[PDB]
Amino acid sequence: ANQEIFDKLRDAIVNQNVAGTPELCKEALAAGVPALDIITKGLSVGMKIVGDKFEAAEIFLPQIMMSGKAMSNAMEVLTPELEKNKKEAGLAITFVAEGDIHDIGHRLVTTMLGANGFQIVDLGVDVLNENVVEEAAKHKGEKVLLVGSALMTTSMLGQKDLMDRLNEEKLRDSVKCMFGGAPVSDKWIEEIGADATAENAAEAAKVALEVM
């Protein structure tokens, strides 16, 4: 059910309706629809279409910026809804690779983690690999999970360096590492030496738990 409001949410993103997206999130929300379904069956569906349109040179950067802001505004209404049911499996240090400012997915995963029994340490975006290493050092010995984002190949490559720097500082084996984004493949995860990855907030939370 709810297909109509899903399409409206999907279209609000596709048509750069920044002001409207929030209203619809409330409309759907008030209709007893779960925040995560609003994202995965509506907003995310639209963001994907907008992604294809761009890669096909149909739309451009002015449209992508507005679709981005459209979803960020939507997240301001759903995040609090997601932080409910705060079901401490450990400490998660979240960040987006250096030179990368894409934070929608990063913010979504960080919200789920924590909502699923995790203490959060959000480093923000454009985080240097050393500041992540410095953060991991301050928490050496305890239950630590490094959650990293990167939506650009150029920034995703730096994840290798990160893993390499964690070893040079013999800090690795004491922490679990999960990278994500999209340019991140199940191949690249082992090429460097990570412990996992997810494709969405939902799975991210599950994998985070399983990886103990």
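Note that residue numbering begins at 1 and tracks the sequence as displayed.
Per the record, residue 87 and residue 88 are separated by 1 to 3 deposited residues that are missing from the model. The PDB entry records a higher mean C-alpha B factor for 171 to 179 than for its counterpart among 171 to 179 and 64 to 72.
In this entry, 156 to 164 has the higher mean Cα B-factor, the comparison being between 156 to 164 and 36 to 44. Of the candidates 184, 147, 29, 57, the PDB record gives 184 the highest C-alpha temperature factor. When the modelled residues of the chain are ordered by C-alpha B-factor, residue 130 sits in the middle third. Annotation for residue 141: C-alpha temperature factor in the highest third relative to the rest of the modelled chain, per the entry.
For residue 201, the recorded CA temperature factor ranks within the middle third of the chain's modelled residues. Residue-level temperature factors show residue 124 in the lowest third of its chain, judged at the C-alpha atom. Looking at the C-alpha B-factors along this chain, the one for residue 193 belongs to the highest third.
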